[PDB]
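The structure appears below as structure tokens.
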Ligand SMILES: O=c1ccn([C@H]2C[C@H](O)[C@@H](COP(=O)(O)O)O2)c(=O)[nH]1
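In the UniProt record's numbering, the protein residues as written are 18 to 302.
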């Protein structure tokens with residue numbers, strides 16, 4: 018039944034069999050295919066959270082709420098027990114990236130800052146940016162409500178002028194939205210995805226975001242197109258993914274929202290209910 022997860026497993030199988038063996042910017046071995054595409058149904062509450070290996074759903078939600086706040090302070094995420102950005106905000110990493118002037122936790126003008134304040138001058142995570150720069154997230158919700166057929170509904174973190182200030186240039190580079198049949202769909206352009214850890218997390222994240230926007234706009238959800246540039250498996254993850262490929266997918270979970278959620282800024286951890294998520298165990302990578 019879960020044909021959509023079967024497609025992710027086929028992408029991993031295709032990469033292992035046909036990918037090129039290349040060392041990345043760190044000197045770490047990868048197996049890579051440039052240019053891959055997959056579609057996931059979001060209909061009837063479905064969020065494409067992989068069942069063949071547990072996805073860090075708590076991390077997905079807290080990260081997304083922290084993006085929506087426009088927050089770039091890794092400590093605010095770490096304080097909810099989500100440490101995924103902590104390495105990139107560490108005194109050691111900041112100094113290595115020539116950000117010696119930044120406070121620990123300051124990731125620079127990454128996703129949250131771009132989504133809510135695109136074009137504003139970044140002056141550190143502790144600065145108040147209220148009403149500074151372009152609120153892309155507000156703008157795309159305005160377009161979906163007022164001009165649902167627009168070909169111009171883009172959320173982009175790839176701010177060229179800001180790339181040098183970021184802890185990391187964005188892997189999930191831009192997302193286009195469209196409405197058909199009163200159904201909101203999303204196409205995510207991901208320049209770089211590790212099939213082991215990153216890509217499943219990112220699929221859950223953009224699936225959830227599309228549902229949250231659809232909810233606040235009074236729309237059903239259609240599909241998520243996932244477009245990859247460098248689709249890769251780290252050499253030291255090959256055995257873990259060969260393990261995952263032996264597993265048969267279960268049905269994807271569904272999401273529903275509780276409370277009086279009127280705007281994108283009103284979602285809380287507690288307002289987001291994930292239903293029937295029973296994955297096989299996380300695999301050690
Ligand atoms: O949301 C994210 C963040 C990172 N990565 C992975 C992809 C790469 O393996 C690495 C980023 O390295 P570059 O592509 O920037 O070299 O992290 C993802 O897959 N998703």
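Positions of the beta carbon are idealized from the N, C-alpha and C atoms, including for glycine.
#### Entry: Residues bridged to residue 157 (per DSSP)
Answer is none; residue 157 lacks a bridge partner.
### Task
Would you decide whether residue 115 is buried or exposed? Buried here means 16 or more other CB atoms lie within 10 Å of its CB.
exposed
### Query
Start and end of the alpha helix (DSSP H) containing residue 53?
Residue 53 -> not in any alpha helix (DSSP H); beta strand (DSSP E) instead, spanning 46 to 58.
### Query
Are the segment 232 to 251 and the segment 30 to 40 touching, with three or more C-beta to C-beta distances below 8 Å?
yes
### Task
Using three-state DSSP, classify residue 22 as helix, strand or coil.
helix
### Residues near residue 273 in its chain [Cβ-Cβ closer than 7 Å; skip 5 each side]
62, 290 and 292
### Task
Pull up the DSSP beta-bridge partners for residue 250, would you.
48
### Query
Hey, is residue 114 close to ligand 1, as in C-beta under 7 Å from one of its heavy atoms?
no
### Query
Residue range of the beta strand (DSSP E) that residue 203 falls in?
200 to 211
### Query
The alpha helix (DSSP H) spanning residue 288 covers which residue range?
Segment: none, residue 288 is in no alpha helix (DSSP H) and carries neither H nor E.
### For residue 218, the three-state DSSP class (helix, strand or coil)
helix
### Message
Give me, in chain order, the residues of the same chain whose beta-carbon lies closer than 7 Å to that of residue 176; leave out the 5 immediate sequence neighbours on both sides.
### Response
126, 131 and 135
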